[PDB]
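Visitor: My file is run.cif. It has mmCIF, N, CA and C atoms and all ligand atoms:
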```
data_structure
loop_
_atom_site.label_atom_id
_atom_site.label_comp_id
_atom_site.auth_asym_id
_atom_site.auth_seq_id
_atom_site.Cartn_x
_atom_site.Cartn_y
_atom_site.Cartn_z
N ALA T 3 -0.09 13.29 -8.04
CA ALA T 3 -1.52 12.94 -8.27
C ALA T 3 -1.96 11.88 -7.27
N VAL T 4 -3.26 11.60 -7.25
CA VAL T 4 -3.82 10.60 -6.35
C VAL T 4 -4.89 9.79 -7.08
N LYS T 5 -4.87 8.48 -6.87
CA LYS T 5 -5.82 7.59 -7.51
C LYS T 5 -6.94 7.27 -6.52
N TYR T 6 -8.18 7.43 -6.96
CA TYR T 6 -9.33 7.17 -6.10
C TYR T 6 -10.10 5.94 -6.54
N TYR T 7 -10.43 5.09 -5.57
CA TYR T 7 -11.16 3.87 -5.83
C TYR T 7 -12.51 3.93 -5.13
N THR T 8 -13.52 3.32 -5.73
CA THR T 8 -14.85 3.30 -5.12
C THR T 8 -14.98 2.03 -4.27
N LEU T 9 -15.95 2.03 -3.36
CA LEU T 9 -16.19 0.86 -2.53
C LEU T 9 -16.53 -0.34 -3.42
N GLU T 10 -17.25 -0.07 -4.51
CA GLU T 10 -17.65 -1.11 -5.44
C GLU T 10 -16.45 -1.84 -6.03
N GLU T 11 -15.41 -1.10 -6.40
CA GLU T 11 -14.26 -1.77 -6.98
C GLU T 11 -13.36 -2.40 -5.93
N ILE T 12 -13.32 -1.81 -4.74
CA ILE T 12 -12.49 -2.35 -3.67
C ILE T 12 -12.99 -3.71 -3.18
N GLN T 13 -14.31 -3.89 -3.13
CA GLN T 13 -14.89 -5.14 -2.63
C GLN T 13 -14.54 -6.35 -3.49
N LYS T 14 -14.16 -6.10 -4.74
CA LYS T 14 -13.79 -7.18 -5.65
C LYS T 14 -12.45 -7.81 -5.30
N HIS T 15 -11.64 -7.11 -4.52
CA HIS T 15 -10.32 -7.63 -4.17
C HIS T 15 -10.31 -8.35 -2.83
N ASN T 16 -10.93 -9.53 -2.83
CA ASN T 16 -11.04 -10.35 -1.64
C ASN T 16 -11.01 -11.82 -2.02
N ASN T 17 -10.00 -12.21 -2.79
CA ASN T 17 -9.86 -13.60 -3.21
C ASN T 17 -8.42 -14.06 -3.02
N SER T 18 -8.10 -15.26 -3.50
CA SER T 18 -6.76 -15.80 -3.33
C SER T 18 -5.64 -15.03 -4.02
N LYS T 19 -5.97 -14.22 -5.02
CA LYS T 19 -4.89 -13.51 -5.71
C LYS T 19 -4.78 -12.03 -5.40
N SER T 20 -5.77 -11.47 -4.72
CA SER T 20 -5.73 -10.05 -4.39
C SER T 20 -6.50 -9.74 -3.11
N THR T 21 -5.83 -9.07 -2.18
CA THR T 21 -6.43 -8.68 -0.91
C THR T 21 -6.22 -7.19 -0.68
N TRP T 22 -7.30 -6.43 -0.74
CA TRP T 22 -7.25 -4.99 -0.51
C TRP T 22 -8.13 -4.69 0.69
N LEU T 23 -7.83 -3.60 1.38
CA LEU T 23 -8.68 -3.18 2.48
C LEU T 23 -8.47 -1.69 2.70
N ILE T 24 -9.40 -1.07 3.42
CA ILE T 24 -9.35 0.35 3.67
C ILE T 24 -9.00 0.67 5.12
N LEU T 25 -8.11 1.64 5.30
CA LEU T 25 -7.73 2.10 6.64
C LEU T 25 -7.65 3.62 6.57
N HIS T 26 -8.50 4.30 7.33
CA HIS T 26 -8.50 5.76 7.36
C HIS T 26 -8.60 6.39 5.97
N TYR T 27 -9.54 5.89 5.17
CA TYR T 27 -9.78 6.37 3.81
C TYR T 27 -8.66 6.12 2.81
N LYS T 28 -7.68 5.31 3.19
CA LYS T 28 -6.60 4.99 2.27
C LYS T 28 -6.77 3.52 1.89
N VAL T 29 -6.44 3.18 0.65
CA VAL T 29 -6.58 1.80 0.18
C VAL T 29 -5.22 1.11 0.19
N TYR T 30 -5.17 -0.07 0.80
CA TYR T 30 -3.93 -0.83 0.90
C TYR T 30 -4.03 -2.16 0.17
N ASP T 31 -2.98 -2.52 -0.56
CA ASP T 31 -2.96 -3.81 -1.25
C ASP T 31 -2.04 -4.66 -0.37
N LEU T 32 -2.62 -5.55 0.42
CA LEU T 32 -1.86 -6.40 1.34
C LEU T 32 -1.63 -7.82 0.84
N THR T 33 -1.87 -8.04 -0.44
CA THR T 33 -1.71 -9.35 -1.05
C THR T 33 -0.42 -10.07 -0.66
N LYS T 34 0.71 -9.38 -0.77
CA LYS T 34 2.02 -9.95 -0.47
C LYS T 34 2.43 -9.88 1.00
N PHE T 35 1.64 -9.18 1.80
CA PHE T 35 1.93 -9.02 3.22
C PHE T 35 1.24 -10.07 4.10
N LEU T 36 0.22 -10.72 3.56
CA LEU T 36 -0.53 -11.73 4.31
C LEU T 36 0.31 -12.72 5.12
N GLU T 37 1.32 -13.31 4.50
CA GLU T 37 2.14 -14.29 5.20
C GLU T 37 3.20 -13.71 6.14
N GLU T 38 3.42 -12.40 6.07
CA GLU T 38 4.42 -11.76 6.91
C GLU T 38 3.80 -11.06 8.13
N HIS T 39 2.50 -10.80 8.05
CA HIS T 39 1.79 -10.12 9.13
C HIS T 39 1.89 -10.84 10.48
N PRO T 40 2.51 -10.20 11.49
CA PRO T 40 2.66 -10.81 12.81
C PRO T 40 1.34 -11.28 13.42
N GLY T 41 0.26 -10.58 13.10
CA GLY T 41 -1.04 -10.94 13.64
C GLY T 41 -1.77 -12.04 12.89
N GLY T 42 -1.09 -12.66 11.93
CA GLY T 42 -1.72 -13.73 11.17
C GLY T 42 -2.38 -13.23 9.90
N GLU T 43 -2.72 -14.15 9.01
CA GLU T 43 -3.36 -13.78 7.75
C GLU T 43 -4.88 -13.82 7.80
N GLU T 44 -5.43 -14.57 8.75
CA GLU T 44 -6.88 -14.68 8.88
C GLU T 44 -7.54 -13.36 9.27
N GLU T 45 -6.85 -12.57 10.09
CA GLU T 45 -7.37 -11.28 10.52
C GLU T 45 -7.52 -10.36 9.32
N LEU T 46 -6.59 -10.47 8.38
CA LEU T 46 -6.61 -9.64 7.18
C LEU T 46 -7.63 -10.12 6.15
N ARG T 47 -7.66 -11.43 5.90
CA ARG T 47 -8.59 -11.98 4.93
C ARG T 47 -10.05 -11.69 5.28
N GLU T 48 -10.38 -11.80 6.56
CA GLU T 48 -11.75 -11.55 7.01
C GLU T 48 -12.22 -10.12 6.74
N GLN T 49 -11.28 -9.18 6.70
CA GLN T 49 -11.62 -7.77 6.46
C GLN T 49 -11.42 -7.33 5.02
N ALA T 50 -10.84 -8.21 4.20
CA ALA T 50 -10.57 -7.90 2.80
C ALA T 50 -11.80 -7.37 2.06
N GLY T 51 -11.58 -6.35 1.23
CA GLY T 51 -12.66 -5.78 0.45
C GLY T 51 -13.45 -4.68 1.13
N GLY T 52 -13.12 -4.39 2.38
CA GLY T 52 -13.85 -3.36 3.10
C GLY T 52 -13.00 -2.49 4.00
N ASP T 53 -13.67 -1.75 4.88
CA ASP T 53 -13.02 -0.84 5.81
C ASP T 53 -12.68 -1.58 7.11
N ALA T 54 -11.39 -1.64 7.44
CA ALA T 54 -10.95 -2.33 8.65
C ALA T 54 -10.34 -1.36 9.65
N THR T 55 -10.66 -0.07 9.52
CA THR T 55 -10.09 0.94 10.40
C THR T 55 -10.33 0.69 11.89
N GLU T 56 -11.56 0.39 12.27
CA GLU T 56 -11.86 0.16 13.69
C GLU T 56 -11.09 -1.04 14.24
N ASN T 57 -11.06 -2.13 13.48
CA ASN T 57 -10.36 -3.33 13.91
C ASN T 57 -8.87 -3.07 14.05
N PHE T 58 -8.34 -2.28 13.12
CA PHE T 58 -6.92 -1.93 13.11
C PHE T 58 -6.56 -1.12 14.35
N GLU T 59 -7.41 -0.17 14.70
CA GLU T 59 -7.17 0.68 15.87
C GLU T 59 -7.51 -0.03 17.17
N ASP T 60 -8.48 -0.94 17.12
CA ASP T 60 -8.90 -1.68 18.30
C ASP T 60 -7.76 -2.52 18.86
N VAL T 61 -6.91 -3.03 17.98
CA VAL T 61 -5.78 -3.85 18.41
C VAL T 61 -4.61 -2.96 18.85
N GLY T 62 -4.62 -1.71 18.39
CA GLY T 62 -3.58 -0.76 18.76
C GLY T 62 -2.19 -0.99 18.19
N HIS T 63 -2.06 -0.87 16.87
CA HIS T 63 -0.77 -1.07 16.22
C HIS T 63 0.29 -0.05 16.63
N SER T 64 1.54 -0.50 16.66
CA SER T 64 2.66 0.35 17.05
C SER T 64 3.01 1.35 15.95
N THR T 65 3.89 2.29 16.29
CA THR T 65 4.35 3.30 15.35
C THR T 65 5.08 2.64 14.19
N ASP T 66 5.86 1.60 14.49
CA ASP T 66 6.60 0.89 13.45
C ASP T 66 5.67 0.20 12.46
N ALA T 67 4.58 -0.37 12.97
CA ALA T 67 3.62 -1.05 12.11
C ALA T 67 2.96 -0.03 11.19
N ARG T 68 2.66 1.15 11.74
CA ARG T 68 2.01 2.19 10.96
C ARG T 68 2.94 2.75 9.88
N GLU T 69 4.22 2.88 10.20
CA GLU T 69 5.17 3.38 9.22
C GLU T 69 5.30 2.39 8.07
N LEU T 70 5.32 1.10 8.41
CA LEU T 70 5.44 0.06 7.40
C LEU T 70 4.21 -0.03 6.50
N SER T 71 3.03 0.18 7.08
CA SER T 71 1.79 0.10 6.31
C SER T 71 1.78 1.05 5.12
N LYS T 72 2.46 2.18 5.26
CA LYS T 72 2.50 3.17 4.19
C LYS T 72 3.04 2.65 2.87
N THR T 73 3.89 1.62 2.93
CA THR T 73 4.47 1.07 1.71
C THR T 73 3.44 0.31 0.87
N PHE T 74 2.29 -0.01 1.46
CA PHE T 74 1.25 -0.76 0.75
C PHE T 74 0.10 0.08 0.21
N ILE T 75 0.15 1.39 0.42
CA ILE T 75 -0.91 2.26 -0.06
C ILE T 75 -0.92 2.35 -1.59
N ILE T 76 -2.08 2.16 -2.20
CA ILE T 76 -2.17 2.25 -3.66
C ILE T 76 -3.10 3.38 -4.10
N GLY T 77 -3.77 4.01 -3.13
CA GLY T 77 -4.68 5.10 -3.45
C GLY T 77 -5.59 5.43 -2.29
N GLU T 78 -6.66 6.17 -2.56
CA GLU T 78 -7.60 6.56 -1.53
C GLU T 78 -9.05 6.27 -1.90
N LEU T 79 -9.93 6.30 -0.91
CA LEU T 79 -11.34 6.03 -1.15
C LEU T 79 -11.95 7.26 -1.83
N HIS T 80 -12.71 7.04 -2.89
CA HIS T 80 -13.34 8.13 -3.62
C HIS T 80 -14.15 8.98 -2.65
N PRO T 81 -14.00 10.32 -2.72
CA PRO T 81 -14.72 11.24 -1.85
C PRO T 81 -16.23 11.01 -1.77
N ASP T 82 -16.82 10.59 -2.88
CA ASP T 82 -18.26 10.34 -2.92
C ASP T 82 -18.71 9.20 -2.02
N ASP T 83 -17.81 8.27 -1.72
CA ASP T 83 -18.14 7.12 -0.86
C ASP T 83 -17.79 7.31 0.60
N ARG T 84 -17.21 8.45 0.95
CA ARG T 84 -16.86 8.71 2.34
C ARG T 84 -18.07 9.20 3.14
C1 LIG Y 1 -1.89 -2.01 7.17
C2 LIG Y 1 -1.44 -3.29 7.41
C3 LIG Y 1 -1.01 -3.74 8.66
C4 LIG Y 1 0.27 -3.77 9.07
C5 LIG Y 1 1.46 -3.14 8.35
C6 LIG Y 1 0.29 -4.54 10.30
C7 LIG Y 1 1.44 -4.81 11.03
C8 LIG Y 1 1.43 -5.48 12.24
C9 LIG Y 1 2.59 -5.59 13.10
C10 LIG Y 1 3.97 -5.05 12.77
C11 LIG Y 1 2.19 -6.22 14.24
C12 LIG Y 1 3.08 -6.49 15.44
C13 LIG Y 1 2.75 -5.65 16.66
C14 LIG Y 1 2.75 -4.17 16.36
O1 LIG Y 1 3.77 -3.66 15.85
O2 LIG Y 1 1.73 -3.50 16.63
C15 LIG Y 1 0.78 -6.51 14.07
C16 LIG Y 1 0.00 -7.22 14.98
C17 LIG Y 1 -1.36 -7.46 14.85
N1 LIG Y 1 -2.16 -7.02 13.80
FE1 LIG Y 1 -1.57 -5.99 12.22
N2 LIG Y 1 -0.99 -4.93 10.66
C18 LIG Y 1 -1.80 -4.42 9.66
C19 LIG Y 1 -3.17 -4.58 9.59
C20 LIG Y 1 -3.96 -5.25 10.53
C21 LIG Y 1 -5.40 -5.32 10.45
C22 LIG Y 1 -6.28 -4.65 9.39
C23 LIG Y 1 -5.82 -6.11 11.48
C24 LIG Y 1 -7.11 -6.46 11.85
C25 LIG Y 1 -8.30 -6.33 11.12
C26 LIG Y 1 -4.60 -6.51 12.20
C27 LIG Y 1 -4.58 -7.26 13.37
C28 LIG Y 1 -3.43 -7.50 14.11
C29 LIG Y 1 -3.39 -8.31 15.31
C30 LIG Y 1 -4.54 -9.10 15.91
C31 LIG Y 1 -2.12 -8.28 15.77
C32 LIG Y 1 -1.63 -9.01 17.02
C33 LIG Y 1 -1.54 -8.08 18.21
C34 LIG Y 1 -1.28 -8.82 19.51
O3 LIG Y 1 -0.29 -9.59 19.57
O4 LIG Y 1 -2.06 -8.64 20.46
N3 LIG Y 1 -3.46 -5.95 11.62
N4 LIG Y 1 0.30 -6.01 12.85
#
```
As a first step, turn the structure in this file into structure tokens.
Guide:
Amino acid sequence: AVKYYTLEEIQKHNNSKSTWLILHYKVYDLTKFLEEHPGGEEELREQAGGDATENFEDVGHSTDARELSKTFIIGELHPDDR
């Protein structure tokens, strides 16, 4: 099965206890990854609650970074909001 989240609910996760963001229509919970991210935590916090696909691709993440990102997926963006 697959869990779908709306933009409305995703935007609520942008505080000190929860950081979610969207990449290629998939929703990632990066709350616990903030301090481990090689690119710093500020880059992630600034995009929290929204779509960071362009920023993610603009920096050009490696294959290893992309494989690791998969472990943080919690669902997808509801089709109605795409
Ligand atoms: C899905 C979660 C993400 C993962 C797993 C991740 C992982 C990593 C890793 C492993 C690196 C080291 C270099 C590489 O392997 O490419 C990196 C660098 C970086 N990341 Fe991320 N990243 C994620 C999301 C993002 C997002 C959303 C942004 C920006 C909005 C961002 C901005 C950067 C920057 C600025 C660097 C530094 C690149 C440089 O040294 O020029 N990352 N990230």
Visitor: Show me, as CSV, the residues of chain T having an atom within 9 Å of ligand LIG 1 (chain Y), each with the closest atom pair and its distance in Å, using only C-alpha atoms and all ligand atoms.
Guide:
```
residue,atom,partner,partner_atom,distance
T:23,CA,Y:LIG1,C22,7.5
T:24,CA,Y:LIG1,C22,8.2
T:25,CA,Y:LIG1,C1,7.2
T:30,CA,Y:LIG1,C1,6.7
T:31,CA,Y:LIG1,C1,8.7
T:32,CA,Y:LIG1,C2,6.8
T:35,CA,Y:LIG1,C5,7.8
T:38,CA,Y:LIG1,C7,8.6
T:39,CA,Y:LIG1,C8,5.6
T:40,CA,Y:LIG1,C11,4.8
T:41,CA,Y:LIG1,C31,3.6
T:42,CA,Y:LIG1,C29,7.0
T:43,CA,Y:LIG1,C26,8.6
T:44,CA,Y:LIG1,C24,8.7
T:45,CA,Y:LIG1,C24,5.0
T:46,CA,Y:LIG1,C25,5.4
T:47,CA,Y:LIG1,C25,8.4
T:48,CA,Y:LIG1,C25,7.5
T:49,CA,Y:LIG1,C25,5.9
T:50,CA,Y:LIG1,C22,8.5
T:53,CA,Y:LIG1,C22,8.5
T:54,CA,Y:LIG1,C22,5.3
T:55,CA,Y:LIG1,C22,6.8
T:56,CA,Y:LIG1,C25,7.8
T:57,CA,Y:LIG1,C25,4.6
T:58,CA,Y:LIG1,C21,4.6
T:59,CA,Y:LIG1,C24,8.2
T:60,CA,Y:LIG1,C24,8.2
T:61,CA,Y:LIG1,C29,5.9
T:62,CA,Y:LIG1,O2,6.3
T:63,CA,Y:LIG1,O2,3.5
T:64,CA,Y:LIG1,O2,4.0
T:65,CA,Y:LIG1,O1,7.0
T:66,CA,Y:LIG1,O1,5.9
T:67,CA,Y:LIG1,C10,4.1
T:68,CA,Y:LIG1,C5,6.0
T:69,CA,Y:LIG1,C5,7.6
T:70,CA,Y:LIG1,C5,5.2
T:71,CA,Y:LIG1,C5,3.8
T:72,CA,Y:LIG1,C1,7.4
T:73,CA,Y:LIG1,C5,8.4
T:74,CA,Y:LIG1,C1,7.3
T:75,CA,Y:LIG1,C1,8.5
```
Visitor: Write the selection just made, keeping N, CA and C atoms, as a compact mmCIF listing (two decimals), in the coordinates of the input?
Guide:
```
# COMPACT_ATOMS: atom_id res chain seq x y z
N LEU T 23 -7.83 -3.60 1.38
CA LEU T 23 -8.68 -3.18 2.48
C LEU T 23 -8.47 -1.69 2.70
N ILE T 24 -9.40 -1.07 3.42
CA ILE T 24 -9.35 0.35 3.67
C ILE T 24 -9.00 0.67 5.12
N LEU T 25 -8.11 1.64 5.30
CA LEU T 25 -7.73 2.10 6.64
C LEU T 25 -7.65 3.62 6.57
N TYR T 30 -5.17 -0.07 0.80
CA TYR T 30 -3.93 -0.83 0.90
C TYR T 30 -4.03 -2.16 0.17
N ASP T 31 -2.98 -2.52 -0.56
CA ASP T 31 -2.96 -3.81 -1.25
C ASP T 31 -2.04 -4.66 -0.37
N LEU T 32 -2.62 -5.55 0.42
CA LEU T 32 -1.86 -6.40 1.34
C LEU T 32 -1.63 -7.82 0.84
N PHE T 35 1.64 -9.18 1.80
CA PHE T 35 1.93 -9.02 3.22
C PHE T 35 1.24 -10.07 4.10
N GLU T 38 3.42 -12.40 6.07
CA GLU T 38 4.42 -11.76 6.91
C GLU T 38 3.80 -11.06 8.13
N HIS T 39 2.50 -10.80 8.05
CA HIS T 39 1.79 -10.12 9.13
C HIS T 39 1.89 -10.84 10.48
N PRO T 40 2.51 -10.20 11.49
CA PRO T 40 2.66 -10.81 12.81
C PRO T 40 1.34 -11.28 13.42
N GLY T 41 0.26 -10.58 13.10
CA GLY T 41 -1.04 -10.94 13.64
C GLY T 41 -1.77 -12.04 12.89
N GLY T 42 -1.09 -12.66 11.93
CA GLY T 42 -1.72 -13.73 11.17
C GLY T 42 -2.38 -13.23 9.90
N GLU T 43 -2.72 -14.15 9.01
CA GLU T 43 -3.36 -13.78 7.75
C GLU T 43 -4.88 -13.82 7.80
N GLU T 44 -5.43 -14.57 8.75
CA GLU T 44 -6.88 -14.68 8.88
C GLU T 44 -7.54 -13.36 9.27
N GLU T 45 -6.85 -12.57 10.09
CA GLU T 45 -7.37 -11.28 10.52
C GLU T 45 -7.52 -10.36 9.32
N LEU T 46 -6.59 -10.47 8.38
CA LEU T 46 -6.61 -9.64 7.18
C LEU T 46 -7.63 -10.12 6.15
N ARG T 47 -7.66 -11.43 5.90
CA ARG T 47 -8.59 -11.98 4.93
C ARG T 47 -10.05 -11.69 5.28
N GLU T 48 -10.38 -11.80 6.56
CA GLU T 48 -11.75 -11.55 7.01
C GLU T 48 -12.22 -10.12 6.74
N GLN T 49 -11.28 -9.18 6.70
CA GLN T 49 -11.62 -7.77 6.46
C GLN T 49 -11.42 -7.33 5.02
N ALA T 50 -10.84 -8.21 4.20
CA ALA T 50 -10.57 -7.90 2.80
C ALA T 50 -11.80 -7.37 2.06
N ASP T 53 -13.67 -1.75 4.88
CA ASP T 53 -13.02 -0.84 5.81
C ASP T 53 -12.68 -1.58 7.11
N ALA T 54 -11.39 -1.64 7.44
CA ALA T 54 -10.95 -2.33 8.65
C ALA T 54 -10.34 -1.36 9.65
N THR T 55 -10.66 -0.07 9.52
CA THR T 55 -10.09 0.94 10.40
C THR T 55 -10.33 0.69 11.89
N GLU T 56 -11.56 0.39 12.27
CA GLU T 56 -11.86 0.16 13.69
C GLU T 56 -11.09 -1.04 14.24
N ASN T 57 -11.06 -2.13 13.48
CA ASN T 57 -10.36 -3.33 13.91
C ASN T 57 -8.87 -3.07 14.05
N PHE T 58 -8.34 -2.28 13.12
CA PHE T 58 -6.92 -1.93 13.11
C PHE T 58 -6.56 -1.12 14.35
N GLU T 59 -7.41 -0.17 14.70
CA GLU T 59 -7.17 0.68 15.87
C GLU T 59 -7.51 -0.03 17.17
N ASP T 60 -8.48 -0.94 17.12
CA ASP T 60 -8.90 -1.68 18.30
C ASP T 60 -7.76 -2.52 18.86
N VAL T 61 -6.91 -3.03 17.98
CA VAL T 61 -5.78 -3.85 18.41
C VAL T 61 -4.61 -2.96 18.85
N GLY T 62 -4.62 -1.71 18.39
CA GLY T 62 -3.58 -0.76 18.76
C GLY T 62 -2.19 -0.99 18.19
N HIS T 63 -2.06 -0.87 16.87
CA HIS T 63 -0.77 -1.07 16.22
C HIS T 63 0.29 -0.05 16.63
N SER T 64 1.54 -0.50 16.66
CA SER T 64 2.66 0.35 17.05
C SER T 64 3.01 1.35 15.95
N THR T 65 3.89 2.29 16.29
CA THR T 65 4.35 3.30 15.35
C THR T 65 5.08 2.64 14.19
N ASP T 66 5.86 1.60 14.49
CA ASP T 66 6.60 0.89 13.45
C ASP T 66 5.67 0.20 12.46
N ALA T 67 4.58 -0.37 12.97
CA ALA T 67 3.62 -1.05 12.11
C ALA T 67 2.96 -0.03 11.19
N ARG T 68 2.66 1.15 11.74
CA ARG T 68 2.01 2.19 10.96
C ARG T 68 2.94 2.75 9.88
N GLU T 69 4.22 2.88 10.20
CA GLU T 69 5.17 3.38 9.22
C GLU T 69 5.30 2.39 8.07
N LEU T 70 5.32 1.10 8.41
CA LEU T 70 5.44 0.06 7.40
C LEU T 70 4.21 -0.03 6.50
N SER T 71 3.03 0.18 7.08
CA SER T 71 1.79 0.10 6.31
C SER T 71 1.78 1.05 5.12
N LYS T 72 2.46 2.18 5.26
CA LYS T 72 2.50 3.17 4.19
C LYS T 72 3.04 2.65 2.87
N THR T 73 3.89 1.62 2.93
CA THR T 73 4.47 1.07 1.71
C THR T 73 3.44 0.31 0.87
N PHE T 74 2.29 -0.01 1.46
CA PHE T 74 1.25 -0.76 0.75
C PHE T 74 0.10 0.08 0.21
N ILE T 75 0.15 1.39 0.42
CA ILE T 75 -0.91 2.26 -0.06
C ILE T 75 -0.92 2.35 -1.59
```
Visitor: Just list as a PyMOL selection string whatever in chain T DSSP marks as strand (DSSP E).
Guide: chain T and resi 6-7+16-17+20-25+28-31+75-79
Visitor: Between atom C of residue 7 of chain T and atom C of residue 80 of chain T, measure the distance and give it in Å to one decimal.
Guide: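 So the two atoms, atom C of residue 7 of chain T and atom C of residue 80 of chain T, lie 5.9 Å apart.
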Visitor: Using atom CA of residue 33 of chain T and atom CA of residue 16 of chain T as the two end points, give the distance in Å to one decimal.
Guide: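 Interatomic distance here is 9.4 Å.
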Visitor: Using all atoms listed in the file for the distances, tell me which of T:51, T:37, T:77, T:29 is nearest to residue 9 of chain T.
Guide: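 Checking each candidate against residue 9 of chain T, we get T:51 as the closest.
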Visitor: Tell me which of T:52, T:81, T:36, T:22 sits closest to residue 6 of chain T, counting only C-alpha atoms.
Guide: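 Comparing T:52, T:81, T:36, T:22 against residue 6 of chain T, the winner is T:81.
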Visitor: Hey, what does DSSP flag as alpha helix (DSSP H) within chain T? Can you give it to me as a VMD selection string?
Guide: chain T and resid 9 to 12 44 to 49 55 to 61 65 to 71
Visitor: Can I get the selected residues back with N, CA and C atoms, as a PDB file, keeping the file's coordinate frame?
Guide:
```pdb
ATOM      1  N   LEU T   9     -15.950   2.030  -3.360  1.00  0.00           N
ATOM      2  CA  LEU T   9     -16.190   0.860  -2.530  1.00  0.00           C
ATOM      3  C   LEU T   9     -16.530  -0.340  -3.420  1.00  0.00           C
ATOM      4  N   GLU T  10     -17.250  -0.070  -4.510  1.00  0.00           N
ATOM      5  CA  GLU T  10     -17.650  -1.110  -5.440  1.00  0.00           C
ATOM      6  C   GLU T  10     -16.450  -1.840  -6.030  1.00  0.00           C
ATOM      7  N   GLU T  11     -15.410  -1.100  -6.400  1.00  0.00           N
ATOM      8  CA  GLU T  11     -14.260  -1.770  -6.980  1.00  0.00           C
ATOM      9  C   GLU T  11     -13.360  -2.400  -5.930  1.00  0.00           C
ATOM     10  N   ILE T  12     -13.320  -1.810  -4.740  1.00  0.00           N
ATOM     11  CA  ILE T  12     -12.490  -2.350  -3.670  1.00  0.00           C
ATOM     12  C   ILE T  12     -12.990  -3.710  -3.180  1.00  0.00           C
ATOM     13  N   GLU T  44      -5.430 -14.570   8.750  1.00  0.00           N
ATOM     14  CA  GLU T  44      -6.880 -14.680   8.880  1.00  0.00           C
ATOM     15  C   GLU T  44      -7.540 -13.360   9.270  1.00  0.00           C
ATOM     16  N   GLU T  45      -6.850 -12.570  10.090  1.00  0.00           N
ATOM     17  CA  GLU T  45      -7.370 -11.280  10.520  1.00  0.00           C
ATOM     18  C   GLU T  45      -7.520 -10.360   9.320  1.00  0.00           C
ATOM     19  N   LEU T  46      -6.590 -10.470   8.380  1.00  0.00           N
ATOM     20  CA  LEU T  46      -6.610  -9.640   7.180  1.00  0.00           C
ATOM     21  C   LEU T  46      -7.630 -10.120   6.150  1.00  0.00           C
ATOM     22  N   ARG T  47      -7.660 -11.430   5.900  1.00  0.00           N
ATOM     23  CA  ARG T  47      -8.590 -11.980   4.930  1.00  0.00           C
ATOM     24  C   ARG T  47     -10.050 -11.690   5.280  1.00  0.00           C
ATOM     25  N   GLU T  48     -10.380 -11.800   6.560  1.00  0.00           N
ATOM     26  CA  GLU T  48     -11.750 -11.550   7.010  1.00  0.00           C
ATOM     27  C   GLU T  48     -12.220 -10.120   6.740  1.00  0.00           C
ATOM     28  N   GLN T  49     -11.280  -9.180   6.700  1.00  0.00           N
ATOM     29  CA  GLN T  49     -11.620  -7.770   6.460  1.00  0.00           C
ATOM     30  C   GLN T  49     -11.420  -7.330   5.020  1.00  0.00           C
ATOM     31  N   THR T  55     -10.660  -0.070   9.520  1.00  0.00           N
ATOM     32  CA  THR T  55     -10.090   0.940  10.400  1.00  0.00           C
ATOM     33  C   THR T  55     -10.330   0.690  11.890  1.00  0.00           C
ATOM     34  N   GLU T  56     -11.560   0.390  12.270  1.00  0.00           N
ATOM     35  CA  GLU T  56     -11.860   0.160  13.690  1.00  0.00           C
ATOM     36  C   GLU T  56     -11.090  -1.040  14.240  1.00  0.00           C
ATOM     37  N   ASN T  57     -11.060  -2.130  13.480  1.00  0.00           N
ATOM     38  CA  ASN T  57     -10.360  -3.330  13.910  1.00  0.00           C
ATOM     39  C   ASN T  57      -8.870  -3.070  14.050  1.00  0.00           C
ATOM     40  N   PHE T  58      -8.340  -2.280  13.120  1.00  0.00           N
ATOM     41  CA  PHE T  58      -6.920  -1.930  13.110  1.00  0.00           C
ATOM     42  C   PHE T  58      -6.560  -1.120  14.350  1.00  0.00           C
ATOM     43  N   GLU T  59      -7.410  -0.170  14.700  1.00  0.00           N
ATOM     44  CA  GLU T  59      -7.170   0.680  15.870  1.00  0.00           C
ATOM     45  C   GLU T  59      -7.510  -0.030  17.170  1.00  0.00           C
ATOM     46  N   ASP T  60      -8.480  -0.940  17.120  1.00  0.00           N
ATOM     47  CA  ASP T  60      -8.900  -1.680  18.300  1.00  0.00           C
ATOM     48  C   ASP T  60      -7.760  -2.520  18.860  1.00  0.00           C
ATOM     49  N   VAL T  61      -6.910  -3.030  17.980  1.00  0.00           N
ATOM     50  CA  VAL T  61      -5.780  -3.850  18.410  1.00  0.00           C
ATOM     51  C   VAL T  61      -4.610  -2.960  18.850  1.00  0.00           C
ATOM     52  N   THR T  65       3.890   2.290  16.290  1.00  0.00           N
ATOM     53  CA  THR T  65       4.350   3.300  15.350  1.00  0.00           C
ATOM     54  C   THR T  65       5.080   2.640  14.190  1.00  0.00           C
ATOM     55  N   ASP T  66       5.860   1.600  14.490  1.00  0.00           N
ATOM     56  CA  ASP T  66       6.600   0.890  13.450  1.00  0.00           C
ATOM     57  C   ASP T  66       5.670   0.200  12.460  1.00  0.00           C
ATOM     58  N   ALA T  67       4.580  -0.370  12.970  1.00  0.00           N
ATOM     59  CA  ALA T  67       3.620  -1.050  12.110  1.00  0.00           C
ATOM     60  C   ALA T  67       2.960  -0.030  11.190  1.00  0.00           C
ATOM     61  N   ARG T  68       2.660   1.150  11.740  1.00  0.00           N
ATOM     62  CA  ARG T  68       2.010   2.190  10.960  1.00  0.00           C
ATOM     63  C   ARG T  68       2.940   2.750   9.880  1.00  0.00           C
ATOM     64  N   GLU T  69       4.220   2.880  10.200  1.00  0.00           N
ATOM     65  CA  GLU T  69       5.170   3.380   9.220  1.00  0.00           C
ATOM     66  C   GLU T  69       5.300   2.390   8.070  1.00  0.00           C
ATOM     67  N   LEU T  70       5.320   1.100   8.410  1.00  0.00           N
ATOM     68  CA  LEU T  70       5.440   0.060   7.400  1.00  0.00           C
ATOM     69  C   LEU T  70       4.210  -0.030   6.500  1.00  0.00           C
ATOM     70  N   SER T  71       3.030   0.180   7.080  1.00  0.00           N
ATOM     71  CA  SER T  71       1.790   0.100   6.310  1.00  0.00           C
ATOM     72  C   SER T  71       1.780   1.050   5.120  1.00  0.00           C
TER      73      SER T  71
END
```
Visitor: Report, in Å to a single decimal, how far apart atom N of residue 78 of chain T and atom N of residue 18 of chain T are.
Guide: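 The value is 21.5 Å.
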